[PDB]
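**Student:** next one to model:
(one chain, ligands or ions: 1)
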Amino acid sequence: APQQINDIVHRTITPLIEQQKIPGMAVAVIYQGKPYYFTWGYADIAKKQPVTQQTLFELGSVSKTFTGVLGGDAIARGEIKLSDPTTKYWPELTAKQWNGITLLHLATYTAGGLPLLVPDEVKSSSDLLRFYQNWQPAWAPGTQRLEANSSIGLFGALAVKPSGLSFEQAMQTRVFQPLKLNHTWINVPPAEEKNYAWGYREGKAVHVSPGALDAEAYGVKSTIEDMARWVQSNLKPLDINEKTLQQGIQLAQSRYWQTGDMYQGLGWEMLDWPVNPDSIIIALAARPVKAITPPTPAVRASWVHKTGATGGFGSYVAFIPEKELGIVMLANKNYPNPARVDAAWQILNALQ
Ligand SMILES: *C(=O)[C@@H](NC(=O)[C@H](N)c1ccccc1)[C@H]1CCC(Cl)C(C(=O)O)=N1
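**Tutor:** Numbering: from 1, shown residues only. This is the structure:
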């Protein structure tokens, strides 16, 4: 890779790994549309298996970007509408607080305080209906943003209802396959286990535990090769051949709500570029949102990003459409979000 990209990447990631005690890490920088990879340490400390470009890391909430886009694809197909009420696709949702809660609300965490996690005790399809039917909104729809897996996960599940496919088959055939993400999975196949890194939490190797709506909110595992093309796919969607998917990517980067200097998209979050670190550098943060009416089309001078975690993994994706610049950081250690965002910034700002 060009020496500048190489020195910045190393001058930056090295102390990051040393400071955060990161077992293994993969990084991709997309410069003027071409991927450049870097990898350090172990996927499995015990078996001395190193991190390589084909290692699968858990993405955590970064999975939400895939769901936003799958959702955006279903819209472009005319199968769902963001202005539709949630009950249109889950008629059994008769509790009266749902009147007024739309798919847009679910997708953007503005439904009224849906919880950050679907409680662990929710295991069956009846357990889930119960949980949603009994949930008590803290606020009116469209008034505050509370980042939640249970909000965006339901959106993902309902978004694919008209299609007729499982959320997984809709994701595989409508996002993964067209984009040639051949090593990205919701459930890792036995054939691919040899590449599944272990995550680390307190020195113990862990893998994400199953739970309700996990596929739709934090379930996807992937390699930095596939993540790099994912960044590439979102940077220049005009390049994409399948139509509804191209409109889909475009819709996930639309600006629906504004909170501070941040704009909420479908999965992806955006800020105006150029931007300052602290504008982008706490287990719950309820914040008021002003609706963007109508939603602003995807803005090229944005710092489009997404953070994500699991008990054992820390992920981060960030890209600037108008500069053809992007970065992906995959660690098998859930370290602090500010530290990730500073490394990204430190690297991308040094590239223009
Ligand atoms: C997305 O990354 C969120 N975390 C998760 O999805 C975890 N995998 C999870 C899922 C179900 C139960 C427990 C944990 C968000 C929101 C929750 C937290 Cl604490 C978090 C973080 O910054 O470590 N990220």
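**Student:** just the endpoints, please. Distance across stretch 17-26?
**Tutor:** Start to finish, the residues bounding stretch 17-26 are 11 Å apart (Cα to Cα, to the nearest Å).
**Student:** kindly report the same for stretch 119-130.
**Tutor:** 11 Å.
**Student:** if I look at residue 149, how far off is residue 106?
**Tutor:** Remark: distance between residue 149 and residue 106 (Cβ to Cβ, to the nearest Å) = 11 Å. Using the backbone N, CA and C atoms, a C-beta is placed for each residue, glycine as well.
**Student:** apart from its neighbours in sequence, what residue is nearest whichever residue of the stretch 1-150 of the chain sits closest to the ligand?
**Tutor:** At 2.5 Å from the ligand, residue 61 is the closest residue in the stretch 1-150 of the chain, using Cβ to the nearest ligand atom. Closest residue in space to residue 61, ignoring its immediate chain neighbours: residue 308 at 3.6 Å, by Cβ to Cβ, 6 or more residues apart in numbering.
**Student:** residue 221 now?
**Tutor:** residue 56 is the one closest to residue 221 (Cβ to Cβ, 6+ apart), at 4.5 Å.
**Student:** helix, strand, or coil at the most centrally placed residue in the chain?
**Tutor:** The centroid of the chain falls nearest to residue 62 when counting by Cα atoms, centre = their mean (2.3 Å). What DSSP: H, G, I helix; E, B strand; the rest coil gives for residue 62 is helix.
**Student:** could you measure from the closest residue to it other than its chain neighbours over to the ligand?
**Tutor:** In space, and not counting its chain neighbours, residue 62 is closest to residue 308: 3.3 Å by Cβ to Cβ, 6+ apart. Using Cβ to the nearest ligand atom, to the nearest Å, we find residue 308 at a distance of 4 Å from the ligand.
**Student:** return the one helix or strand the residue nearest to residue 61 maps to as PDB; C-alpha atoms alone will do.
**Tutor:** Assigned by DSSP states H and E, residue 308 belongs to strand 302-309. What follows is strand 302-309 as a C-alpha-only set of coordinates in PDB (Å, rounded to 0.1, in the frame of the first residue of the first chain):
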ATOM      1  CA  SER A 302     -20.800  13.700   5.500                       C
ATOM      2  CA  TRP A 303     -18.800  11.600   7.900                       C
ATOM      3  CA  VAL A 304     -21.100   8.500   7.700                       C
ATOM      4  CA  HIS A 305     -20.300   6.100  10.500                       C
ATOM      5  CA  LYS A 306     -21.400   3.300  12.900                       C
ATOM      6  CA  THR A 307     -20.200   1.800  16.000                       C
ATOM      7  CA  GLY A 308     -21.000  -1.700  17.200                       C
ATOM      8  CA  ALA A 309     -20.100  -4.200  20.000                       C
END
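**Student:** next SSE after that strand?
**Tutor:** Following strand 302-309 toward the C-terminus (DSSP H and E): strand 314-320.
**Student:** just want the angle from that next one to strand 302-309.
**Tutor:** Between the axes of strand 314-320 and strand 302-309, defined by axes from the mean of the first three to the mean of the last three Cα atoms, to 10 degrees, the angle is 170 degrees.
**Student:** quick one: contacts of the strand ranked longest in the chain?
**Tutor:** For the chain, the strand reaching the highest residue count under DSSP state E is reported as strand 34-44. Contact with strand 34-44 is made by 1-2, 5-6, 9-10, 13, 17, 22-30, 48-53, 55, 195-198, 205, 224-225, 228-229, 232, 332, as judged by Cβ atoms under 8 Å, 6 or more residues apart in numbering.
**Student:** how many neighbours does the closest residue to the ligand within the stretch 151-300 of the chain have?
**Tutor:** The nearest approach of the stretch 151-300 of the chain to the ligand comes at residue 218, 3.3 Å away (Cβ to the nearest ligand atom). By other Cβ atoms under 10 Å, 25 other residues sit near residue 218.
**Student:** contacts only, for it.
**Tutor:** 59-61, 63-64, 149, 208, 308, 310.
**Student:** so which two of those residues are the farthest from each other?
**Tutor:** Largest separation among the contacts of residue 218 by Cβ to Cβ: 64 and 208, giving 14.4 Å.
**Student:** comparing these two, which residue is more hemmed in?
**Tutor:** residue 64 (31 against 18).
**Student:** and the more buried one, how far from residue 340?
**Tutor:** 16 Å.
**Student:** what does the stretch 51-200 of the chain have sitting close to the ligand?
**Tutor:** Within the stretch 51-200 of the chain, the residues that sit near the ligand (Cβ under 6 Å from any ligand atom) are 60-61, 116-117, 149.
**Student:** quick check: residues of the stretch 251-352 of the chain near the ligand?
**Tutor:** Taking Cβ under 6 Å from any ligand atom as the test, the list of the stretch 251-352 of the chain residues beside the ligand reads 283, 308-310, 334.
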